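Read through the structure below, which is laid out as structure tokens, and then see the notes.
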Amino acid sequence: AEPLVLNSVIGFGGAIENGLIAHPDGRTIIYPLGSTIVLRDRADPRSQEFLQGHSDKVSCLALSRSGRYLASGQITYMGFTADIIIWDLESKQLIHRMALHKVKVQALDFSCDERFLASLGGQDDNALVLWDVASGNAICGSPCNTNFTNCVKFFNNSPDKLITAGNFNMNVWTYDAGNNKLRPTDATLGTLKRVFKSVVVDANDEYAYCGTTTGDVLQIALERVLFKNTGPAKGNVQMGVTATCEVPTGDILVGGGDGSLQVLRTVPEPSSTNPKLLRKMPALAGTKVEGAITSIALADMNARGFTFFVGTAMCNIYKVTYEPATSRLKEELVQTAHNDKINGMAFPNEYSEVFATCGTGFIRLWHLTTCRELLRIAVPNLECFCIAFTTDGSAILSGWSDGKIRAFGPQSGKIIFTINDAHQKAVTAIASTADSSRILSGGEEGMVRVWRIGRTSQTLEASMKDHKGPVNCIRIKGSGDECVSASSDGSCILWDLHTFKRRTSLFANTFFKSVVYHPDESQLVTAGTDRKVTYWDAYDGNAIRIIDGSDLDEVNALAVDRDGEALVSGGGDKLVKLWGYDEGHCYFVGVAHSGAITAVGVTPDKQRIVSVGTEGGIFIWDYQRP
Amino acid sequence: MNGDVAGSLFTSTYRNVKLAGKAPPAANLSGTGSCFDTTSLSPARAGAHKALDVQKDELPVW
Amino acid sequence: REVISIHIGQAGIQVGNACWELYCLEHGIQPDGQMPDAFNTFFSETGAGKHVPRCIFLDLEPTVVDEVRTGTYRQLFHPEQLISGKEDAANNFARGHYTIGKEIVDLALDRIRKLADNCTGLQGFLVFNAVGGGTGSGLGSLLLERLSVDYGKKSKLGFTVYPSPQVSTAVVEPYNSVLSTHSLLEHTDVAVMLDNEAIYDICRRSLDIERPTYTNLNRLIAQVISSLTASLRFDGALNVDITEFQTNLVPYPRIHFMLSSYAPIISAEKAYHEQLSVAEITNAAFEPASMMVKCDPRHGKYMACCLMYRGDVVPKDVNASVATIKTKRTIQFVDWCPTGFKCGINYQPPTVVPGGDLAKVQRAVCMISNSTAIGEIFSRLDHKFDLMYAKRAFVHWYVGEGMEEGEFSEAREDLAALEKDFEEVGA
Amino acid sequence: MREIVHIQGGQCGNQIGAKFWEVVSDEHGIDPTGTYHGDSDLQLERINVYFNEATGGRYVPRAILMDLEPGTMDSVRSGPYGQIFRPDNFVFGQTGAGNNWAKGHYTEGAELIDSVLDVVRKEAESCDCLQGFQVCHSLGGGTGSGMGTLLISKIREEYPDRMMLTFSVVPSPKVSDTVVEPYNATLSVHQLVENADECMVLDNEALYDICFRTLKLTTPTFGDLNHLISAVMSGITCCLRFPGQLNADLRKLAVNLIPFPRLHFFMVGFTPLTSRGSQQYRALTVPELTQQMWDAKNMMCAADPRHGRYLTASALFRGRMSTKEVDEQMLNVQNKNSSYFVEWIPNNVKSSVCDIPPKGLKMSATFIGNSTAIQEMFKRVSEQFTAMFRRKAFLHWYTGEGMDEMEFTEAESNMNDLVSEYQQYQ
Amino acid sequence: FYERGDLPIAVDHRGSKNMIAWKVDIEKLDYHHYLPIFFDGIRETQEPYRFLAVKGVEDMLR
Amino acid sequence: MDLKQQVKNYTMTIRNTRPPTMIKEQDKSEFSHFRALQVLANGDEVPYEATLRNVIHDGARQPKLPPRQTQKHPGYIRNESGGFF
Amino acid sequence: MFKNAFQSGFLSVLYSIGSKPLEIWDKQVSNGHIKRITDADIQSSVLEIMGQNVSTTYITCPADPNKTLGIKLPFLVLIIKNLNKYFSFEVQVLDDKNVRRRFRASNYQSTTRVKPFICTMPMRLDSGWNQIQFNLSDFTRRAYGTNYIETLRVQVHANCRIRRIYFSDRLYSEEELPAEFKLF
Ligand SMILES: Nc1nc2c(ncn2[C@@H]2O[C@H](COP(=O)(O)OP(=O)(O)OP(=O)(O)O)[C@@H](O)[C@H]2O)c(=O)[nH]1
Ligand SMILES: Nc1nc2c(ncn2[C@@H]2O[C@H](COP(=O)(O)OP(=O)(O)O)[C@@H](O)[C@H]2O)c(=O)[nH]1
Ligand SMILES: [Mg+2]
């Protein structure tokens, strides 16, 4: 019951528009993880307390100008109103929860005097609702447009606001406390039919800048809402303009949809001796970024340069310094993580500071001690499943969704061999035997295959098809004879190397997910969606004892210590259980992985526990006695 | 070799100003005044190349 | 002993895409083209540490061809084997036989020329084409004509895909099938029918896949071809060659249309289920629920039959099995042939393809027979052919290409004459 | 290798084409500036069909824009995916025809078509092996129908051996915008039956009906109607641009669907079409696609197919599918509704499978039916034409420009014998 | 020259020792241009080539 | 057949003779990246840029689909006699 | 290259109607220009090479200078337009003695020289379009006792409008020539 101390945390969401946001004062960065926002000390990488409270993924963020109040919204199941939560950054408490938007809250924004909030929500809802922050009340609401709208922003005097469509319109909404209504005036685009993504208001509200999807910045003069010269004269940007921030000077830093940064001069100028203004000439074409830019935030105020924190859809936080004296951008990425959900992780035998975490299209070799990612190899568009080292450090085996098993080298990531058909579909479990000559594979078909890897060829030996469900896990014994396969049938099979046969089959009402040998092959520990951990006698097969731990949702991760005194358990919920082996007892930790945890392990030297959830996060814990 | 030369005047000018989007050179409109009334004829000569470079002090010295 | 195999059309190249996968799997050839004497009938070893197949894939669209060029077997085929035109025949026999054929066929046969020249003990040709399509029928018939005027004497095993009665993916395939058969008659020596309804039922019934793609069809067709060519590839207790089908199965110079079958088509669980012996698989190879052409041979009488065996098979039980069958009366032979069977045994069992659904069986049978059920099939196609020609439908596409109605009428009366010959021989 | 040249005429053609090139560029993964930014390599191999490669790794569309007023050209360059067109492709008049078929075929054609022919001919020789021409236009407008029709006649006079598609909307009395709709449609139909290879007739009443019932949208703006027609046109050429298990060329579709050189007027459909509110309660299976496909309320014409017979039909599927399911489903729909097909043509359903679905979905299809219920539409127009031409109403703006009365009488004759021969085959 | 393919030669592949199908007739052939070629090909030991060379020489001389 | 395909074939014959290449594209180099690991293990002051090295392989040509469902719930459909395929 | 091709009666190396006509040719333009325009007398797109100095601007047939195309066809046929300017074209050929001769046909010389590596020939043209046929084998047999084996490269110089340059095996006449190789 006692909470487990949480060491380092690696992972953040970049897919969210304008998600990465900085604190107005001092050292604090904050980004949304799966369904909980995470504070971090800007100075040193020491994780800060998380803010729980969301039922599902957070999909927007907003911070007051003073930095006292913070607002966030979530995306929910279709048909259930999503709620905005307002936190206090002095006392980290859920202060107000308000649910009006049907499906998802598209974006939020604070007033300059922090008196009001604005929430626009729903790819289908399309309703703008103004809230007051003093109490969880909503002032007035209005259906915005026919086509959907993306982002809103308040002015810097804050009677008014401006909103833009996804598709084809843009309005400025003024608020008067006489009717308690919102009066819109739509912009006068001469003939342009652009698709807007992001908008930012100036430091003095004279213009606004909206990034179209066509790839150009559009400057809109305010008050008459009349459009003004367009963005980069030297062609557009390679994708839709997706990120925009305003330099404290008369400049705007725009991040295109394909990892491109540009500083744009905003002061107008007539050229060719004409009444016509020329296009905004870019004062500096910043260096490129690998990921699609989604979030830009101005971090620091320094007279010799300005630093910005830039998030990417590839989930790579960059710091960029802009020196206005000599026009150049220097970029250093400080953190990276997974973009999509991850599944499966691996440990090298009797080695500590290496991780093999593989999500969609990527294998990643992490260094545990510092969390600095070392090596990432990508197959373009494919889904990775069960990853596993070989007992000898050479091969890193990885299954894939197309049904091919591929083995890579840990250094240089050079693929050594591939099986152009391991299964008819995705393979879900792969295991290396101690002598590294045999390899066990299991796909969704439910067939367990064994492959003998020859020094230049790889051949298939007998393949058994006991299961009718997708094989969920495969575990081999110290000697090469024994391997157990856990599938969604509700059965676990024990096999025999010397004769490709089965001895017995463990049976449960619910599908078996994870299965682990006890050290020294005395017993088996199985966990499934029956919410019930089960001990089994390794030799003849029998239900020793059924523990009802974590009855509320399914349990899919079992890890066991090297001696076998403790047993780490993942769950369908967000908490990590730490049981003693001989007795059903708890030492668990609750607050982590806003999304369900999918795999967990303990380092061979018994110092740390490592967990990976259905959101792109890896949580290094501190191991202790049970 | 065009059968009718003026057949392109409208479309070609409209294309450069709008289709291609290139900046249209819009000069030599000084003194034209309004329509309905005579443009004051300037004494300038169109053909003459009155560059007459003056690098008074920008000339380097031998 | 070497045989070369050409593939013509969209179907032919995909069947070959499965055949050559199975071949390199049997002789242990990695897809890059090297091993880590039995192969010599298919793969010539040129230079050093390299095996190239004896085949040409040809088609007029580049789509499926450069799919092979960029698929798994890039390094395997020599890039000049894969002929590709510019535009389809598009279900038009005359377009495939006169317009584009005249430019592509010379390149094709002057490529197979140096194929046969590199060969030394050429056994024969075997072609793969679907007559429902445009190229596989049109320029397939053009190529067969020019191959017969070149060699003539040699056996040409044709594994052709016919349209099924009710399951169909084209509309003019009656026209294409009849015009192809008008040349399939007097050019090929041995022509094996392979329909699609029958194979769908097989993979639904025995292999119990409910959603089968063309991949599964092509896989077990590759099994049939390998099962009837393993006699040349490996040494058996009783091996029979490709020139034997020419002799033992074709009693008359025009009656060469063979119903094929294969057993045991068994899933992975039914392998542990059933006790695999020789008597029952020789029985299973005779029921219409295991044949590759959708027809009922009970209505017909057999003319000749050939049984290839693979695996651990002694000749005693096959003697007993065919004894019981010849004593059975559920199937009847013709009076013109008392000895209607031809056995053949090979030692090696059939292999499994990782990614297939067939389990490792110790023994297998491949039956290639002759009957008058085919005489029923040709009447079924001819009936629906005259239905369309009664209204002169679709004729303008052919005439617009340059052909006329003369070859329509003469192909029609040709199938009529063939029908008369089938009903005359069956008596 | 096989090349499609796209021609857009009139305001409707230009706005449809704007959405069509939008969807195509989205499928092949090129940005609205003209650079490839996809990830898979299936999209590189088959952009030569639609985009002449240009310096800078820019793929510009192979389309010829054709109209008479600068208003539509501004609306073309305005919207997104507007900066990708080559500016010299904008073949272009100055005044506008405005619902006058004579002004689209005798007055302005004689001085605009030399120019548009030179760009089309020059664009044809820009690619190696032509597959066919593909025009999108209307039959009611003036600058679209008249100008496009004389273009069709000149092209078929030049390149008689290449296929020809015409995506043509037709007037309906319920959605009747202009007034001389029969005067423009009849003369265009009389010319399309003698020059076009096959015609994919569209109509706005059926599209609005579809958006009311199946989509359940509140306000169907023109952006949505053109989006559906855009999905149909992308469905008809998915096979040339993507490998599949049964590839169907355009000429392969023509020979399977045209039994007689004049019986080439199709009706088109598209699936899956469901609201957001029902996107979650539905599955993605071939029967679900097929039940929606053969539904009479999913045709994009104002012609009930149950009021006539199907001569031939074709279906183009996209997505990882099982061909056995495809064939047996077409087998079931052919055996259950046996009375609605014609008898003297066996196997009236040609089908095809492609291995790439359109973006945003898991699986899709496209129905193209050469039925004989389309003669209802042509009767519905010809009866209006006769109503006016007994009076000679509106006739003088036509006969005063060079056209004679014999054109109208012959057009009536050709429309009448055409619907008579559809009725004969019914 | 055989690689280039200008030789009117093919193999019959008969049951006996295969013979040479001569595309053109042998009598009207130019011997000044071909005899040296075939006689130079006798040095070959590769299976597809030496057979053709020797049989062509034999047939021409006969 | 045509000039286009002929030059394609020439290029591909050359490309097939060459031994297969393990990497489609290589970022940085193994040696440069290896040194960064050495200075990291030796001490501090190593930018994240140097340690993180990425490699890209061929992978599948296809775009990405959600996995196809071959079989539905066994209660809905059975073969002729019965059973769950 | 071109050594594993078929090399039938006709072989086209450059044709002015295609997605990339100069796909194998390596252009060398200096004080000149290259275009694909439409000629007003045949209503077709021709490739135009025009430069001040004839010796500077040209287009060689195989792009990589070390790589050499090998073609065994006797006759070389060019379809060009005479612009009353200076124009030349050159071909390398291989003899039976494994030596490389060059044949340069030029518009602006009168003499006919025979040199160990180069045979320079005069060439006169008509006014409009014209197809020229070269007969490589006979020119080799005349300028040297040797005979023809292979053509290694071909290169055309400035001031000409070219389209469909191609090899052949016979002196084809018009009626027996196919359509796409004919003039009109
Ligand atoms: N057995 C089998 N038959 C196929 C396969 N693919 C296509 N077919 C058959 O081929 C017939 C039509 O001809 P296709 O092969 O598709 O095309 P084609 O023969 O090249 O003729 P064109 O399309 O005009 O070029 C159809 O009846 C299909 O049944 C396949 O993968 N396996
Ligand atoms: N679907 C669709 N139909 C249109 C559009 N614009 C016009 N139309 C239809 O086109 C018909 C008349 O065409 P018209 O505008 O006169 O063509 P044009 O004047 O020759 O360019 C009317 O019935 C309109 O309903 C459009 O953007 N989408
Ligand atoms: Mg085909």
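By convention here, the chains of the structure tokens are called A, B, ... in the order presented, each chain's residues are numbered starting at 1, and ligands are numbered starting at 1 in the order presented.
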
Go through chain D and flag each residue having an atom no more than 8 Å from ligand 1; for those, report the closest pair of atoms plus their distance in Å to one decimal, using only C-alpha atoms and all ligand atoms, ordered by chain and rising number, as CSV.
residue,atom,partner,partner_atom_place_in_ligand_line,distance
D:245,CA,ligand 1,6 (N),6.4
D:246,CA,ligand 1,16 (O),5.6
D:247,CA,ligand 1,16 (O),6.9
D:248,CA,ligand 1,23 (O),6.7
D:249,CA,ligand 1,23 (O),7.6
D:252,CA,ligand 1,24 (O),6.7

Using the selection just defined, write its residues with N, CA, C and O atoms as a short mmCIF file (atom, residue, chain, number, x, y, z; two decimals), in the first residue's frame.
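Below you can see selection11.cif, which holds the result:
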data_model
loop_
_atom_site.label_atom_id
_atom_site.label_comp_id
_atom_site.auth_asym_id
_atom_site.auth_seq_id
_atom_site.Cartn_x
_atom_site.Cartn_y
_atom_site.Cartn_z
N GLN D 245 -5.02 -6.97 -57.15
CA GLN D 245 -5.11 -8.37 -57.50
C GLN D 245 -5.87 -8.62 -58.79
O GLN D 245 -5.76 -9.71 -59.36
N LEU D 246 -6.64 -7.65 -59.26
CA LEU D 246 -7.32 -7.77 -60.54
C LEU D 246 -7.42 -6.37 -61.13
O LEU D 246 -8.38 -5.64 -60.86
N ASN D 247 -6.42 -6.00 -61.91
CA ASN D 247 -6.33 -4.65 -62.44
C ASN D 247 -7.29 -4.48 -63.62
O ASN D 247 -7.38 -5.34 -64.49
N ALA D 248 -7.99 -3.35 -63.63
CA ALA D 248 -8.99 -3.07 -64.66
C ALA D 248 -8.63 -1.75 -65.33
O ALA D 248 -8.81 -0.69 -64.73
N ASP D 249 -8.14 -1.83 -66.56
CA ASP D 249 -7.84 -0.62 -67.30
C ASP D 249 -9.13 0.09 -67.69
O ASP D 249 -10.23 -0.45 -67.59
N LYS D 252 -10.41 -1.60 -70.56
CA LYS D 252 -11.00 -2.84 -70.07
C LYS D 252 -12.40 -2.59 -69.54
O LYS D 252 -13.30 -3.42 -69.69
#

Give me, as a tab-separated table, the closest atom pair and its distance (Å, one decimal) for every residue of chain G within a cut-off of 9 Å of chain F, counting only C-alpha atoms, rows sorted by chain and rising number.
residue	atom	partner	partner_atom	distance
G:1	CA	F:10	CA	6.2
G:2	CA	F:6	CA	7.2
G:4	CA	F:10	CA	8.0
G:5	CA	F:6	CA	6.5
G:6	CA	F:1	CA	7.7
G:11	CA	F:3	CA	8.4
G:12	CA	F:3	CA	7.2
G:13	CA	F:3	CA	7.0
G:14	CA	F:3	CA	8.5
G:23	CA	F:4	CA	8.6
G:24	CA	F:7	CA	8.0

Would you name the residues within 8 Å of ligand 3, counting only C-alpha atoms and all ligand atoms, and put them as a PDB file with C-alpha atoms, in the first residue's frame?
ATOM      1  CA  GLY C   9      -1.162 -12.699 -68.752  1.00  0.00           C
ATOM      2  CA  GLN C  10      -2.205 -11.386 -65.377  1.00  0.00           C
ATOM      3  CA  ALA C  11      -3.056 -14.824 -64.027  1.00  0.00           C
ATOM      4  CA  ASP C  59       2.413  -9.150 -70.180  1.00  0.00           C
ATOM      5  CA  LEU C  60       1.374  -5.870 -71.737  1.00  0.00           C
ATOM      6  CA  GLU C  61       0.695  -3.803 -68.656  1.00  0.00           C
ATOM      7  CA  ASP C  88      -3.393  -3.907 -72.132  1.00  0.00           C
ATOM      8  CA  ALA C  89      -5.281  -6.091 -74.510  1.00  0.00           C
ATOM      9  CA  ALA C  90      -8.162  -5.322 -72.139  1.00  0.00           C
ATOM     10  CA  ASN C  91     -10.330  -8.424 -72.499  1.00  0.00           C
ATOM     11  CA  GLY C 133      -8.288 -12.341 -70.322  1.00  0.00           C
ATOM     12  CA  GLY C 134      -6.999 -10.437 -73.290  1.00  0.00           C
ATOM     13  CA  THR C 135      -3.284 -11.115 -73.440  1.00  0.00           C
ATOM     14  CA  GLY C 136      -3.290 -14.620 -72.000  1.00  0.00           C
TER      15      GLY C 136
ATOM     16  CA  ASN D 247      -6.335  -4.650 -62.445  1.00  0.00           C
ATOM     17  CA  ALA D 248      -8.986  -3.071 -64.659  1.00  0.00           C
TER      18      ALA D 248
END

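Interatomic distance, atom CA of residue A:442 against atom CA of residue A:405: 10.5 Å.
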
Residue list (strand (DSSP E or B), DSSP) for chain E, as a ChimeraX atom specification = /E:9-11,20-22

Which residues form the shell of 8 Å around ligand 2 when you count only C-alpha atoms and all ligand atoms, given as a ChimeraX atom specification?
-> /D:9-16,67,97-99,137-146,169-171,175-178,203-204,222-223,225-226,229

Interface, chain D side, toward chain F (8 Å; only C-alpha atoms) as a PDB file with C-alpha atoms, in the first residue's frame:
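As written to disk, iface-v4.pdb reads:
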ATOM      1  CA  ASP D  39       5.964   8.154 -46.967  1.00  0.00           C
ATOM      2  CA  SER D  40       5.118   4.997 -48.900  1.00  0.00           C
ATOM      3  CA  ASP D  41       6.813   4.319 -52.219  1.00  0.00           C
ATOM      4  CA  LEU D  42       3.663   3.130 -53.963  1.00  0.00           C
ATOM      5  CA  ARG D 320      -7.210  -5.472 -48.595  1.00  0.00           C
ATOM      6  CA  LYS D 362     -10.479   1.350 -44.563  1.00  0.00           C
TER       7      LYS D 362
END

Considering only C-alpha atoms, extract the chain B residues located within 12 Å of chain D and return them as a ChimeraX atom specification.
-> /B:3-4,7-22

Store the residues of this selection in a file with N, CA, C and O atoms, as a compact mmCIF listing (two decimals), in the first residue's frame.
# COMPACT_ATOMS: atom_id res chain seq x y z
N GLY B 3 -0.60 35.55 -86.81
CA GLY B 3 -1.54 36.05 -87.81
C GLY B 3 -2.18 37.36 -87.40
O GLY B 3 -2.41 38.24 -88.24
N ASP B 4 -2.51 37.50 -86.12
CA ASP B 4 -3.08 38.73 -85.57
C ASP B 4 -2.36 39.03 -84.26
O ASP B 4 -2.48 38.26 -83.30
N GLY B 7 -4.14 39.82 -80.81
CA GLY B 7 -4.96 38.76 -80.24
C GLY B 7 -4.48 38.31 -78.87
O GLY B 7 -5.19 37.59 -78.16
N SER B 8 -3.28 38.71 -78.49
CA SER B 8 -2.73 38.30 -77.21
C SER B 8 -2.69 39.41 -76.17
O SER B 8 -2.34 39.15 -75.02
N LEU B 9 -3.03 40.64 -76.55
CA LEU B 9 -2.79 41.78 -75.66
C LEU B 9 -3.48 41.61 -74.32
O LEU B 9 -2.83 41.55 -73.27
N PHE B 10 -4.82 41.53 -74.33
CA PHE B 10 -5.57 41.32 -73.10
C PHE B 10 -5.10 40.11 -72.32
O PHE B 10 -4.76 40.21 -71.14
N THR B 11 -5.12 38.93 -72.95
CA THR B 11 -4.86 37.71 -72.19
C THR B 11 -3.45 37.71 -71.63
O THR B 11 -3.25 37.32 -70.48
N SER B 12 -2.46 38.12 -72.43
CA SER B 12 -1.09 38.05 -71.94
C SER B 12 -0.87 39.01 -70.78
O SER B 12 -0.26 38.63 -69.78
N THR B 13 -1.36 40.24 -70.88
CA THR B 13 -1.22 41.14 -69.75
C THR B 13 -1.96 40.62 -68.53
O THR B 13 -1.42 40.63 -67.42
N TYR B 14 -3.20 40.16 -68.71
CA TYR B 14 -3.96 39.62 -67.59
C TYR B 14 -3.25 38.43 -66.98
O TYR B 14 -3.26 38.25 -65.75
N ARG B 15 -2.60 37.61 -67.80
CA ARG B 15 -1.93 36.42 -67.29
C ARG B 15 -0.76 36.79 -66.39
O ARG B 15 -0.61 36.24 -65.30
N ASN B 16 0.07 37.74 -66.83
CA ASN B 16 1.22 38.12 -66.01
C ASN B 16 0.79 38.77 -64.71
O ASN B 16 1.33 38.46 -63.64
N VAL B 17 -0.21 39.66 -64.75
CA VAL B 17 -0.62 40.32 -63.52
C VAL B 17 -1.28 39.34 -62.56
O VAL B 17 -1.12 39.44 -61.34
N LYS B 18 -2.03 38.36 -63.09
CA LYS B 18 -2.84 37.52 -62.23
C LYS B 18 -2.48 36.04 -62.30
O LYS B 18 -2.17 35.45 -61.26
N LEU B 19 -2.51 35.42 -63.49
CA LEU B 19 -2.27 33.98 -63.57
C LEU B 19 -0.91 33.61 -63.00
O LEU B 19 -0.82 32.94 -61.96
N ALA B 20 0.17 34.04 -63.65
CA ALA B 20 1.50 33.74 -63.14
C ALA B 20 1.73 34.41 -61.80
O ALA B 20 2.53 33.93 -60.98
N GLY B 21 1.03 35.51 -61.53
CA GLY B 21 1.17 36.22 -60.29
C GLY B 21 2.40 37.10 -60.19
O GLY B 21 2.70 37.59 -59.09
N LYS B 22 3.13 37.31 -61.28
CA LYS B 22 4.36 38.08 -61.24
C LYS B 22 4.04 39.55 -60.98
O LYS B 22 2.97 40.05 -61.34

Residue set, stretch 198-332 of chain C restricted to helix (DSSP H, G or I), as a PyMOL selection string = chain C and resi 198-205+214-233+242-248+269-273+278-284+288-290+297-299+315-327

Quick one: pull the distance between atom CA of residue A:2 and atom CA of residue A:617, Å, one decimal.
->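 Distance reported for this atom pair: 23.0 Å.
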
Please provide as a PyMOL selection string all residues within 6 Å of stretch 77-81 of chain A, with the sequence filter that same-chain residues fewer than 6 positions apart are discarded (counting only C-alpha atoms).
-> chain A and resi 99-103

Please return, as a ChimeraX atom specification, all residues of chain A lying within 7 Å of chain C when only C-alpha atoms are considered.
-> /A:421-424,456-457

Could you please tell me, as a PyMOL selection string, which residues of chain C have an atom within 10 Å of chain F when using only C-alpha atoms?
-> chain C and resi 32+62+69-71+74-80+82-86+103-104+107-108+204-212+267+269

Can you spit out the residues from that selection as a PDB file, in the first residue's frame, using C-alpha atoms?
ATOM      1  CA  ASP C  32      18.875 -13.651 -53.635  1.00  0.00           C
ATOM      2  CA  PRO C  62       3.750  -2.932 -66.561  1.00  0.00           C
ATOM      3  CA  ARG C  69      10.570  -6.410 -60.309  1.00  0.00           C
ATOM      4  CA  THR C  70      10.235  -4.601 -56.975  1.00  0.00           C
ATOM      5  CA  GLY C  71       8.843  -7.400 -54.826  1.00  0.00           C
ATOM      6  CA  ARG C  74      14.182  -8.835 -57.319  1.00  0.00           C
ATOM      7  CA  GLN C  75      17.593 -10.492 -57.167  1.00  0.00           C
ATOM      8  CA  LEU C  76      16.290 -13.852 -58.392  1.00  0.00           C
ATOM      9  CA  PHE C  77      14.987 -13.215 -61.899  1.00  0.00           C
ATOM     10  CA  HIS C  78      17.242 -11.834 -64.569  1.00  0.00           C
ATOM     11  CA  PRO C  79      15.772  -8.430 -65.475  1.00  0.00           C
ATOM     12  CA  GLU C  80      15.444  -9.341 -69.142  1.00  0.00           C
ATOM     13  CA  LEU C  82      10.336  -9.935 -67.432  1.00  0.00           C
ATOM     14  CA  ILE C  83       8.778  -8.642 -70.639  1.00  0.00           C
ATOM     15  CA  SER C  84       6.272  -5.806 -70.365  1.00  0.00           C
ATOM     16  CA  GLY C  85       4.402  -4.015 -73.111  1.00  0.00           C
ATOM     17  CA  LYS C  86       2.781  -0.603 -72.825  1.00  0.00           C
ATOM     18  CA  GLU C 103       5.138  -6.188 -81.934  1.00  0.00           C
ATOM     19  CA  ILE C 104       5.650  -8.184 -78.757  1.00  0.00           C
ATOM     20  CA  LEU C 107      10.698 -10.199 -78.918  1.00  0.00           C
ATOM     21  CA  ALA C 108       9.165 -12.986 -76.852  1.00  0.00           C
ATOM     22  CA  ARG C 204     -13.501 -23.340 -48.214  1.00  0.00           C
ATOM     23  CA  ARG C 205     -14.257 -27.007 -47.575  1.00  0.00           C
ATOM     24  CA  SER C 206     -11.019 -28.791 -46.717  1.00  0.00           C
ATOM     25  CA  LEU C 207      -8.465 -26.063 -46.026  1.00  0.00           C
ATOM     26  CA  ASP C 208     -11.310 -24.211 -44.202  1.00  0.00           C
ATOM     27  CA  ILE C 209     -10.229 -20.678 -44.989  1.00  0.00           C
ATOM     28  CA  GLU C 210     -13.396 -18.592 -45.228  1.00  0.00           C
ATOM     29  CA  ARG C 211     -11.742 -15.550 -46.866  1.00  0.00           C
ATOM     30  CA  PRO C 212      -9.325 -16.903 -49.477  1.00  0.00           C
ATOM     31  CA  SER C 267      -5.485 -28.267 -42.837  1.00  0.00           C
ATOM     32  CA  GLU C 269      -5.567 -29.667 -37.314  1.00  0.00           C
TER      33      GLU C 269
END

Mind checking which residues fall within 10 Å of stretch 17-25 of chain E, counting only C-alpha atoms, ignoring those fewer than 3 positions away in the same chain, and posting them as a ChimeraX atom specification?
-> /C:120-121,150-151 /E:7-14,28-29,51-52,55-56,59

If we count only C-alpha atoms, which residues of chain G reach to within 9 Å of chain D? Please list them as a ChimeraX atom specification.
-> /G:16-20,37-38,43-45

What's the 12 Å shell around residue E:4, counting only C-alpha atoms, without same-chain residues fewer than 2 positions away, as a PyMOL selection string?
-> (chain C and resi 110+114) or (chain E and resi 1-2+6-8) or (chain G and resi 2-8+70-73+149-150)

Would you kindly return, as a ChimeraX atom specification, each protein, DNA or RNA residue with an atom no farther than 7 Å from any atom of residue D:205, considering only C-alpha atoms and excluding same-chain residues fewer than 4 positions away?
-> /D:172,174-175,209,302

May I ask you to extract the residues of chain A within 8 Å of chain B, using only C-alpha atoms, and to give them as a ChimeraX atom specification?
-> /A:272-274
